[PDB]
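*Asks:* Can you keep this structure in mind? I'll have questions shortly.
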Amino acid sequence: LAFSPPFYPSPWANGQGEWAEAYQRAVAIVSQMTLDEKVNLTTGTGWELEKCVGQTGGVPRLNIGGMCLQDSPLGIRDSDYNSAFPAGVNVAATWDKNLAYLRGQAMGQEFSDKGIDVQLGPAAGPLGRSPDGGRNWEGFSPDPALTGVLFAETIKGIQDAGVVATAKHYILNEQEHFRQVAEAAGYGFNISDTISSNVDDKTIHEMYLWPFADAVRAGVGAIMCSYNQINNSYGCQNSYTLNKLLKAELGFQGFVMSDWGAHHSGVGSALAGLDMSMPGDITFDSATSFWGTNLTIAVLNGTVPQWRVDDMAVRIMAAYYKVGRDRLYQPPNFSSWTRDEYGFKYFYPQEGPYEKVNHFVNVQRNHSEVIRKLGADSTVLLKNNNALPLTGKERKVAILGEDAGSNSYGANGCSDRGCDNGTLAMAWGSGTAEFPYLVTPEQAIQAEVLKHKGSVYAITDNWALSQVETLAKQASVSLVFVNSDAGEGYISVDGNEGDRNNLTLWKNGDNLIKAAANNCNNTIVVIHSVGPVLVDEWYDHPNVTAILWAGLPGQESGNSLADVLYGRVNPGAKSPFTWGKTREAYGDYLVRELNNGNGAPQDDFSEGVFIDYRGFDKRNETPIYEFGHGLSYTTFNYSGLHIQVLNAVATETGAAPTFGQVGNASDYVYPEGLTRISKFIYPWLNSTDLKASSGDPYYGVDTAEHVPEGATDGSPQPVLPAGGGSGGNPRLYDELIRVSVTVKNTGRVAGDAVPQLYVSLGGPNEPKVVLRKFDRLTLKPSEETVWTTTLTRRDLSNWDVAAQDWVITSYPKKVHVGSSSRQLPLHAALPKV
Amino acid sequence: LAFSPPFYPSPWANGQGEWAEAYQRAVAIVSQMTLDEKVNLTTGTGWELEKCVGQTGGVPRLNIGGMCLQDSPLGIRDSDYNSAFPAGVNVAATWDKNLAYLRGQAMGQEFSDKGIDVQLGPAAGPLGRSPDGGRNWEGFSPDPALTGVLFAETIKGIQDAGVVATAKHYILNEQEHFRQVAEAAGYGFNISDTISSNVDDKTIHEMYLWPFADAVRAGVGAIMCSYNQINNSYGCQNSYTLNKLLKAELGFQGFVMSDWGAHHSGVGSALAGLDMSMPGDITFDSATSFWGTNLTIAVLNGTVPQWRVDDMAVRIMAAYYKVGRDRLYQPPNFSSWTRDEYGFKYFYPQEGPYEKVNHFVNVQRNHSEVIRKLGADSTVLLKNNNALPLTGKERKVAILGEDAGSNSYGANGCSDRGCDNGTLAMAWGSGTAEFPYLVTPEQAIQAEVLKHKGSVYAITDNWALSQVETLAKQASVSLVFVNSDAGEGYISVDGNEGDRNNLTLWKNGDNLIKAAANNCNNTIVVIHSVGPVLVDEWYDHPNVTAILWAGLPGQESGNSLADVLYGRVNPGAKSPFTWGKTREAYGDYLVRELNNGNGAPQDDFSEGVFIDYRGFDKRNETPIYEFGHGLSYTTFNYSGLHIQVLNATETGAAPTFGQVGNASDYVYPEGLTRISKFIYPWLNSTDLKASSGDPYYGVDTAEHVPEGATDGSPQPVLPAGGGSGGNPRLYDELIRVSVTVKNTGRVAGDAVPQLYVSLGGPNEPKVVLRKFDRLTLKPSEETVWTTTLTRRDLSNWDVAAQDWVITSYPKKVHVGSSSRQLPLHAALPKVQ
Ligand SMILES: *[C@@H]1O[C@H](CO)[C@@H](O[C@@H]2O[C@H](CO)[C@@H](O[C@@H]3O[C@H](CO[C@H]4O[C@H](CO[C@H]5O[C@H](CO)[C@@H](O)[C@H](O)[C@@H]5O[C@H]5O[C@H](CO)[C@@H](O)[C@H](O)[C@@H]5O)[C@@H](O)[C@H](O[C@H]5O[C@H](CO)[C@@H](O)[C@H](O)[C@@H]5O[C@H]5O[C@H](CO)[C@@H](O)[C@H](O)[C@@H]5O)[C@@H]4O)[C@@H](O)[C@H](O[C@H]4O[C@H](CO)[C@@H](O)[C@H](O)[C@@H]4O[C@H]4O[C@H](CO)[C@@H](O)[C@H](O)[C@@H]4O)[C@@H]3O)[C@H](O)[C@H]2NC(C)=O)[C@H](O)[C@H]1NC(C)=O
Ligand SMILES: *[C@@H]1O[C@H](CO)[C@@H](O[C@@H]2O[C@H](CO)[C@@H](O[C@@H]3O[C@H](CO[C@H]4O[C@H](CO[C@H]5O[C@H](CO)[C@@H](O)[C@H](O)[C@@H]5O[C@H]5O[C@H](CO)[C@@H](O)[C@H](O)[C@@H]5O)[C@@H](O)[C@H](O[C@H]5O[C@H](CO)[C@@H](O)[C@H](O)[C@@H]5O[C@H]5O[C@H](CO)[C@@H](O)[C@H](O)[C@@H]5O)[C@@H]4O)[C@@H](O)[C@H](O[C@H]4O[C@H](CO)[C@@H](O)[C@H](O)[C@@H]4O[C@H]4O[C@H](CO)[C@@H](O)[C@H](O)[C@@H]4O)[C@@H]3O)[C@H](O)[C@H]2NC(C)=O)[C@H](O)[C@H]1NC(C)=O
Ligand SMILES: *[C@@H]1O[C@H](CO)[C@@H](O[C@@H]2O[C@H](CO)[C@@H](O[C@@H]3O[C@H](CO[C@H]4O[C@H](CO)[C@@H](O)[C@H](O)[C@@H]4O)[C@@H](O)[C@H](O[C@H]4O[C@H](CO)[C@@H](O)[C@H](O)[C@@H]4O[C@H]4O[C@H](CO)[C@@H](O)[C@H](O)[C@@H]4O[C@H]4O[C@H](CO)[C@@H](O)[C@H](O)[C@@H]4O)[C@@H]3O)[C@H](O)[C@H]2NC(C)=O)[C@H](O)[C@H]1NC(C)=O
Ligand SMILES: *[C@@H]1O[C@H](CO)[C@@H](O[C@@H]2O[C@H](CO)[C@@H](O[C@@H]3O[C@H](CO[C@H]4O[C@H](CO)[C@@H](O)[C@H](O)[C@@H]4O)[C@@H](O)[C@H](O)[C@@H]3O)[C@H](O)[C@H]2NC(C)=O)[C@H](O)[C@H]1NC(C)=O
Ligand SMILES: *[C@@H]1O[C@H](CO)[C@@H](O)[C@H](O)[C@H]1NC(C)=O
């Protein structure tokens, strides 16, 4: 069975780089704090006890209000008068750094105005190992370079707007099946522990860890560790990924929180590098906690060094100061659990004073504009035989397919979007927000037609094929809508248990397109989906004249598409993953069966770095639409590739500090005038009897055998060769080569080009090409510009498991520039660097 | 069994009144016609043989193209690129003479541009005897005066636009059940003949006939006779309704056509007053006709006199010329039967040249404007507890009801509208038109809210009550949509066989409203429906703050309603029927079971004139919303009632026009390829008997020709006859009535003043509508409304005299805002 090697001690914060000032302030405040106060910062108060999906108790003596953590990566979850933004995958499809930042800011403004301190997003785990993973859509791209840049920009938008961002899920949560014991039990599977992701050290460095290196460098404040195990050690107590990769190598200064139910131990988790327990209890409303009272005790009994807890506190307060949350603080002005104006303060046991729980603050501003624009700029024109744009002179327009119309239960009518009904603008689970409204394509496209006095209808039952065939016959253009949904594992729609069961269009999609294409010579397909779908039955039909993939657009779906359809927006989006002929062509099967008896199912990443396009290229498979493909209403030419060589750190840490003092056990007993709320998780002890007030069956049992070698070592540590900066050693960010190329709009209309820069690092086991740089450049017809980027040391290196460092191998390297991963007209050898 | 007395001979046209020019031109051209050319004018060429729903072969030698007849009373049926107008019942709900006219015009223009010669509408029969009758929505109101005026106005609109209008169905086709033998069989009932409407002579004159008199006087060119019997004589061979009432008493100068399948004999119908057989065959594509060849033979053999068929041809050409159709003529440029560009010229047998059958002509112009307007001005605000108009600032809007949303099969996804899915904008059967698009209330309301930056959702599954309740608890306003549908007999939706099985809201309507109102203190109900529905379970719920009835609005439905909800238009529509507490309160039950063995069911109109309000009032029942009721965003005042007293006996002999030759002149021309199933006027051979193929040919003929049916000599003019729409004497203005109307609220809007009379006597309704108008007033603005009462308006039909008489009982006049809100009344001075 795969094994996860220990790495201890759990590194302490040091005011690294851009954290200097936040660290100073964190230190100065925590120095004043009692141990129980410190513990409060680290532990949620129990599932549904307060306002937010996660909430700590704060430190009221020092005027630090409870921290409020709210989902999701695309807008505020479980609230009102908020926006619903397009999904992370849509951000990926824009290939636009700027839009990523603008969407992050727009979200941080909304979060901030609801009195939420921490956004539970953006996501880059899952990266997208398997095209059928239930949650790829919440993230960006199976490409680490594309994902890391957009991940970082999203994070920067959120944090510049004053809210702590949470990079999740760390790490290797690449599928929904067997991600949680109880969750698998509900589906009839009996396992004792969660799926284990077993990955070699090179692969994790070059793929899954890379966006997280970007996130750390860009200043992310929090990290959420995952439900799965990695080499059979749980994500939220895995010292290798937490202490070694994240904190020692990447130099991460902020705090680590558990996924909700991913916390599996007090002592082990605290020593393996966790900083914060969510929602705070062991299971939802157990009135018990691996931390709270137990963490206070674990410090009093000498098992967890004071310097760990102080470090937990320092990292939490440093992330809070770093985004200036303190300057914006206000209690959450809504409740996640009810929409009522009034309710009991403590929702779950219905206790506390009866008071205002919802203020109905409208936080949307004019964010519909950015959502509308982003939706349009994320619509990938996969195919176009001079079918698009529409002129509005189309005499009779047939809008065909359930995905064009309304959810008959209302846009929000399925709990956490747990259905695929009507147009697909948001996938399901906790990565969701309530729509303020949803503009359907039916609505937007019919309004456009009527504006020009044309005739138009929507048929939205995908087995009404008789009506489809009849109308398609009479139509100038048939616009056919189809979708494929997915989401978090705790919801099953039509037997799809988070992960998709297949990659075929839902609701009779293929049959619908055929019924249309058999009858209109001008049939245009629009796909809303979480990821790639199988297009082989119909994409090359002589009558299917254009095909678009629009992702998950959020509240303005219909308007975003019309802007593209009718040419107000020239599509410039590019596919952020691969469209293959078959499911088999992608490889990377999901583990859908118990393969280690009733133990944790084993998920071996035996493809190594070879996911999505890397894999297709290794196997010499031809995608229908390759990673990086998108058409435009104009054309672009790339020429004049040129390469220019350019002229381009502590060895030990300090010892672990402590801040403030720890007193007697009697200092930490339940204060006397305090009504203890049912299910509420507190940091206090029932009495000075440590064993009895912990109530832990394993209290004091073989204690020293369970504290790992190194785990209590407060002495100065060596700095990893790959470490000592932010997102790695800073030498990895030296710029070694400048690349330039001329990009020209050779067509009739203004448009955005997406230059793409790939390298081949060389070597017998390396992908042919891997993306390194890109930009999105707006160009008027005939306009020319010179696109200039740089390659860093990291960009040209590979992870050397023996050196534990990134190394530029002696294989010769090449640069390639062009319009997709397969359309690379320019190449240049790189000189030795 | 009820019996229908003979009236013969069938009156011939005489260039009466406004017909003098058209008649002269018709006589000039018919005089040049051979017998077979004349017969061609009278007979359709067979079901689905040509382009239109009904089509004659015309007279090519004389440059007269075949006459194309097409549904529907609310827009072109079976075509493309046309408009879908609101139903007749909406026109009624507007109480607006000018809007009825403008709608007629807009339709005429469309029909004209398709190469349609004759529109099969408007409808004032059914009048509306029963609230659950399946085609009431097609017509206007169960009140004869309201219906007569708006029917006439529609006709004038269509005809000034150059298309022949067809007043239908004449007469008493008051329910769908049993209207046809073959339909009754597909529903499991065995009957030998169709339902017989049995009505006394007074009731027919004062109710059912009256709007047909208005039609005739207004100049209607065509009348379509009905599928039902009247006293056990078929509507298309009823000498009493056709020869006496329509032709002799009302002086109709136009032509009468059969409904499709309503022609039941060759000779009997010709002599009983029929002028045109549609679709031309005995049954659909039977390749036989009661006329065509048969009518040629009937003339040649001496059974039908030449003057009768000549008269058919004159009535038909005169109608054509009166509207100016000759100046606007073109062959039909679409096919009712396929949307393809090319096809065989003769659809049913797929024979003839292979050529272009559709030209995709976009006749819509800017008609969407009249439609959107008519829809707004037909939306009756039944209740408003200060809920409306909305301001646009509502924070969160809940749109609730399948009736707000899209038909998931596409607006036209159900053939002849034969379903009730998504918003109800058109009821079903032949009274329909393909939508060019359909704007749903969901689309218009959400677009409105989005324009003000609010939040808004639509839930359109009427059993998703969980989602409905949750959303209603969060909304600033709940807009709840519910409907009830009906249509023509040959279609059945949810076991509603045209007629409604009940007056209850379809698709869980009551439970939906209750589910909303139990949760939003601001629940606003919108009903789309073909007529009244029961509201008593929820109309007075304290959270039900407003109720509107929007009818069948047509293509702009959602924009029509938004315009009203958001105050762009101030509603002035009025209820054109009664909203009762129970189905029992209307009386007038349909005949739903055989009551005469396997003979024709018998439908005794035993209530007489007491339908809708007339009956509610006679039984002192209190309606929830009375006939004439509608609210406004402003208020009005009615005052200062002032009353002021104001200051041919034989026909020609029947003419013949042109000549009849030997049989051999009418044998099939030799060069001519006979299309299968196509109906021609010609004979196989000079053998009359063999050319006819009638098993009864030449058997007992004189005994089957009623006395006088061949009498061509000058006839007495009836006392109630002699003019157009009856004796001119009955249009003398006898009394002038005036009142002052003031807008006393704060919003510009329309008032609908209504004048009712009480004619007095033990058998008369307490109040009967006689005049109305729709007057536009700004806040504080006043106007004088002046109107007159004719001799007809003050009369009752006297059976003994066979005339309209002003009876000696004293009469009153009432003016107000509804049939129950009548603050102004006075005794009328005796007039004679
Ligand atoms: C001061 O106050 C404190 C607060 O009150 C007191 O704290 C308590 O201390 C106790 C010790 O005195 C703790 O109990 C012991 O906990 C351990 C650890 O359990 C957690 O981690 C397990 C995996 O851990 C490895 O990795 C972690 C880091 O992730 C390390 O910290 C561990 O040292 C260990 O490290 C090795 O492995 C990694 C690679 O993974 C390497 O990198 C290292 O190099 C090391 O090689 C994990 O598996 C546990 O998960 C179990 O528990 C979950 C529920 O919590 C459950 O979800 C899982 O499914 C799983 O359940 C199964 O096991 C549990 C009990 O653990 C059963 O209840 C359950 O029903 C299932 O059967 C957990 O997350 C734990 O290993 C200990 O139990 C082992 O040893 C005891 C006997 O001593 C046996 O009875 C158990 O069967 C078990 O034995 C297994 O392993 C043995 C090897 O040691 C082997 O010999 C056996 O064959 C067997 O398979 C104890 O439970 C207690 O957690 C803690 N409480 C709190 C609140 O923090 C403190 O005592 C006090 N001080 C003083 C002085 O009084
Ligand atoms: C020149 O060429 C011409 C064209 O080719 C030749 O034209 C043909 O002439 C024939 C006569 O020679 C015609 O055949 C006979 O037709 C009659 C009439 O049938 C129709 O009318 C019925 C109602 O009639 C009344 O009303 C009409 C006006 O609407 C008047 O015109 C009538 O005079 C009669 O008027 C009386 O009643 C009204 C009140 O209602 C009063 O106002 C008047 O004052 C009078 O009192 C109608 O009911 C018929 O309906 C049947 O047919 C429909 C199918 O068309 C069907 O849908 C109905 O359901 C119904 O079906 C039943 O009847 C038919 C038989 O007709 C069966 O096939 C069927 O199976 C059903 O049972 C129709 O609309 C018709 O009545 C005659 O039939 C009676 O008489 C013969 C004996 O002569 C019997 O054999 C029959 O059984 C039948 O008997 C009934 O009536 C008898 C007394 O009248 C009674 O004694 C019986 O007990 C029984 O109940 C003939 O069918 C032929 O129509 C016509 N052809 C064409 C194409 O026009 C012409 O001959 C030729 N001239 C010369 C000189 O050569
Ligand atoms: C009552 O109503 C009905 C319904 O409207 C009327 O029925 C219609 O009447 C039309 C006559 O008015 C008749 O029209 C004929 O249509 C035929 C089919 O037309 C199409 O196909 C051709 C050929 O590929 C195309 O040219 C054409 O554009 C159409 O697509 C035509 O073939 C007929 O043309 C003939 O007559 C006209 C004048 O009427 C001539 O101009 C034309 O040149 C043709 O004339 C030839 O045939 C006639 C006698 O049939 C000869 O007298 C003449 O000399 C020509 O003869 C030469 O050619 C023929 C064969 O081509 C050859 O055998 C001979 O030896 C010579 O060489 C004409 O246009 C409609 O079809 C008919 N509709 C239906 C459904 O039946 C009815 O008339 C009305 N009744 C009354 C009393 O008004
Ligand atoms: C760890 O976090 C915990 C949760 O944030 C902290 O617990 C809270 O501590 C506060 C302040 O120390 C306690 O407040 C006391 O609360 C009552 C307020 O009750 C109210 O009811 C009356 C009704 O008439 C009303 O008058 C008040 O305004 C309140 O609305 C006061 O009476 C006291 O003066 C005092 O404020 C909280 O109750 C307590 N919360 C819970 C859920 O138990 C805890 O302090 C933190 N621990 C550390 C070490 O910092
Ligand atoms: C601590 O005391 C509380 C209060 O009586 C009791 O309910 C709880 O179970 C105790 N916790 C432990 C670990 O004994």
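Scheme for the structure tokens: letters A, B, ... for chains in order shown; per-chain residue numbers from 1; ligand numbers from 1 in order shown.
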Got a sec to tell me which of stretch 121-347 of chain B DSSP assigns to strand (DSSP E or B), as number ranges by chain?
*Replies:* B: 123, 164-170, 196-198, 222-225, 229-230, 233-234, 255-258, 276-277, 342-346
*Asks:* Store the residues of this selection in a file with N, CA, C and O atoms, as a CSV table (one decimal), in the first residue's frame.
*Replies:*
chain,number,residue,atom,x,y,z
B,123,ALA,N,-67.4,35.7,-35.8
B,123,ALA,CA,-68.4,34.8,-35.2
B,123,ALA,C,-69.4,35.5,-34.3
B,123,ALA,O,-68.9,36.3,-33.4
B,164,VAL,N,-64.0,39.6,-48.4
B,164,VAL,CA,-65.4,39.2,-48.0
B,164,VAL,C,-65.4,38.6,-46.5
B,164,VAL,O,-64.7,37.7,-46.2
B,165,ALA,N,-66.2,39.2,-45.6
B,165,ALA,CA,-66.3,38.6,-44.3
B,165,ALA,C,-67.5,37.7,-44.3
B,165,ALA,O,-68.5,37.9,-45.1
B,166,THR,N,-67.5,36.7,-43.4
B,166,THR,CA,-68.5,35.6,-43.4
B,166,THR,C,-69.0,35.6,-41.9
B,166,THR,O,-68.3,35.2,-41.0
B,167,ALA,N,-70.2,36.1,-41.7
B,167,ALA,CA,-70.8,36.0,-40.4
B,167,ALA,C,-71.3,34.6,-40.1
B,167,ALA,O,-72.1,34.0,-40.9
B,168,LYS,N,-70.8,34.1,-39.0
B,168,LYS,CA,-71.0,32.6,-38.7
B,168,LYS,C,-71.2,32.5,-37.2
B,168,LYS,O,-70.9,33.4,-36.5
B,169,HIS,N,-71.7,31.3,-36.8
B,169,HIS,CA,-72.5,30.3,-37.6
B,169,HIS,C,-73.9,30.5,-37.4
B,169,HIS,O,-74.5,30.6,-36.3
B,170,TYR,N,-74.6,30.6,-38.6
B,170,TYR,CA,-76.1,30.9,-38.6
B,170,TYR,C,-76.9,29.6,-38.6
B,170,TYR,O,-77.0,29.0,-39.7
B,196,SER,N,-80.5,19.1,-32.4
B,196,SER,CA,-81.5,20.1,-32.8
B,196,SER,C,-81.8,21.1,-31.8
B,196,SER,O,-82.3,20.8,-30.6
B,197,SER,N,-81.4,22.4,-32.1
B,197,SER,CA,-81.7,23.5,-31.2
B,197,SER,C,-83.1,23.9,-31.4
B,197,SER,O,-83.6,24.3,-32.4
B,198,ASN,N,-83.9,23.8,-30.3
B,198,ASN,CA,-85.3,24.1,-30.4
B,198,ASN,C,-85.7,25.4,-29.7
B,198,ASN,O,-85.6,25.4,-28.5
B,222,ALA,N,-71.2,37.5,-46.7
B,222,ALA,CA,-71.4,36.1,-46.6
B,222,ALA,C,-71.9,35.6,-45.2
B,222,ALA,O,-71.6,36.3,-44.2
B,223,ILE,N,-72.7,34.6,-45.2
B,223,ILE,CA,-73.2,34.0,-43.9
B,223,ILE,C,-72.8,32.6,-44.1
B,223,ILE,O,-72.9,32.0,-45.2
B,224,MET,N,-72.3,31.9,-43.0
B,224,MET,CA,-72.1,30.5,-43.0
B,224,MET,C,-73.2,29.8,-42.1
B,224,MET,O,-73.3,30.1,-40.9
B,225,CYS,N,-74.0,28.9,-42.8
B,225,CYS,CA,-75.0,28.2,-42.0
B,225,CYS,C,-74.4,27.0,-41.2
B,225,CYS,O,-73.3,26.6,-41.5
B,229,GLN,N,-79.3,21.3,-36.3
B,229,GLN,CA,-80.6,21.5,-36.7
B,229,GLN,C,-81.3,22.7,-35.9
B,229,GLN,O,-80.8,23.1,-34.8
B,230,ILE,N,-82.3,23.3,-36.5
B,230,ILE,CA,-83.2,24.2,-35.7
B,230,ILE,C,-84.5,23.5,-35.9
B,230,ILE,O,-84.9,23.3,-37.0
B,233,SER,N,-84.8,20.7,-38.6
B,233,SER,CA,-84.4,20.9,-40.0
B,233,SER,C,-82.9,21.5,-40.0
B,233,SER,O,-82.6,22.5,-39.3
B,234,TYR,N,-82.0,20.8,-40.7
B,234,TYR,CA,-80.6,21.2,-40.8
B,234,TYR,C,-80.4,22.7,-41.1
B,234,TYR,O,-81.1,23.2,-42.0
B,255,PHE,N,-74.4,36.0,-49.9
B,255,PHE,CA,-74.5,34.5,-50.1
B,255,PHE,C,-74.3,33.7,-48.8
B,255,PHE,O,-73.5,34.1,-48.0
B,256,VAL,N,-75.0,32.7,-48.7
B,256,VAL,CA,-74.9,31.7,-47.6
B,256,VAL,C,-74.2,30.5,-48.1
B,256,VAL,O,-74.5,29.8,-49.1
B,257,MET,N,-73.1,30.2,-47.3
B,257,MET,CA,-72.3,28.9,-47.6
B,257,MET,C,-72.5,27.9,-46.5
B,257,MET,O,-72.9,28.3,-45.3
B,258,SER,N,-72.3,26.7,-46.8
B,258,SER,CA,-72.5,25.6,-45.8
B,258,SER,C,-71.3,25.6,-44.9
B,258,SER,O,-70.2,26.0,-45.4
B,276,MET,N,-73.8,28.4,-51.4
B,276,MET,CA,-72.5,27.9,-51.7
B,276,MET,C,-72.3,26.6,-50.8
B,276,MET,O,-72.5,26.6,-49.6
B,277,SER,N,-71.8,25.5,-51.5
B,277,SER,CA,-71.5,24.3,-50.9
B,277,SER,C,-70.0,24.2,-50.5
B,277,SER,O,-69.1,24.3,-51.4
B,342,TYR,N,-42.3,23.8,-53.0
B,342,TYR,CA,-42.9,23.1,-54.2
B,342,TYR,C,-43.7,21.9,-53.7
B,342,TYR,O,-43.6,21.4,-52.5
B,343,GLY,N,-44.7,21.5,-54.6
B,343,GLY,CA,-45.6,20.4,-54.3
B,343,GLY,C,-46.5,20.2,-55.5
B,343,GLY,O,-46.5,21.0,-56.4
B,344,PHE,N,-47.2,19.1,-55.6
B,344,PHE,CA,-48.2,18.9,-56.7
B,344,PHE,C,-49.3,20.0,-56.4
B,344,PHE,O,-49.7,20.3,-55.3
B,345,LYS,N,-49.8,20.6,-57.5
B,345,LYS,CA,-50.8,21.6,-57.5
B,345,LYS,C,-52.1,21.1,-56.7
B,345,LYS,O,-52.8,21.9,-56.0
B,346,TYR,N,-52.4,19.8,-56.8
B,346,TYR,CA,-53.6,19.3,-56.2
B,346,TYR,C,-53.3,18.4,-55.1
B,346,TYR,O,-53.0,17.2,-55.3
*Asks:* Using only C-alpha atoms, find which residues of chain A lie within 7 Å of chain B and jot them down as a list in words.
*Replies:*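 Residues of chain A within 7 Å of chain B, counting only C-alpha atoms: residues 408, 409, 410, 411, 413, 436, 437, 443, 455, 456, 457, 458, 459, 460, 461, 464 and 467 of chain A.
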*Asks:* Identify which of the residues B:356, B:179, B:308, B:244 lies closest to ligand 3, counting only C-alpha atoms and all ligand atoms when measuring atom-to-atom distances.
*Replies:*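 Nearest to ligand 3: B:356.
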*Asks:* Residues up to 6 Å from ligand 4, counting only C-alpha atoms and all ligand atoms: could you list those as JSON, numbers by chain?
*Replies:* {"A": [36, 37, 40, 57, 58, 59, 60, 66, 353, 676, 677]}
*Asks:* Counting only C-alpha atoms and all ligand atoms, what are the residues, protein, DNA or RNA alike, that approach ligand 2 to within 7 Å? I want them as a PyMOL selection string.
*Replies:* chain B and resi 3-6+192-193+232-234+237-239+264-269+271-272+290-291+294-295+297-298+301-303+692+694+696-701+704-706
*Asks:* Please identify every polymer residue within 7 Å of ligand 5, using only C-alpha atoms and all ligand atoms, and present the set as a list in words.
*Replies:* residues 686, 692, 693, 694 and 695 of chain A
*Asks:* Keeping only C-alpha atoms, write the selected residues as a PDB file, in the first residue's frame.
*Replies:*
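Now in result-v9.pdb:
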ATOM      1  CA  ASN A 686     -15.330  21.210  32.369  1.00  0.00           C
ATOM      2  CA  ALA A 692     -12.065  13.559  32.246  1.00  0.00           C
ATOM      3  CA  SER A 693     -12.723  16.897  30.574  1.00  0.00           C
ATOM      4  CA  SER A 694     -11.324  15.662  27.234  1.00  0.00           C
ATOM      5  CA  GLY A 695     -13.612  12.641  27.315  1.00  0.00           C
TER       6      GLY A 695
END
*Asks:* Please check which protein, DNA or RNA residues sit within 8 Å of ligand 1, counting only C-alpha atoms and all ligand atoms, and write them as a PyMOL selection string.
*Replies:* chain A and resi 3-7+192-193+231-234+236-240+264-269+271-272+289-291+294-295+297-304+690-691+694-696+698-709
*Asks:* Using only C-alpha atoms and all ligand atoms, which residues have at least one atom no more than 10 Å from ligand 3? Output them as a PyMOL selection string.
*Replies:* chain B and resi 33-41+43-45+49-50+55-67+292+345-346+351-355+666+668-682
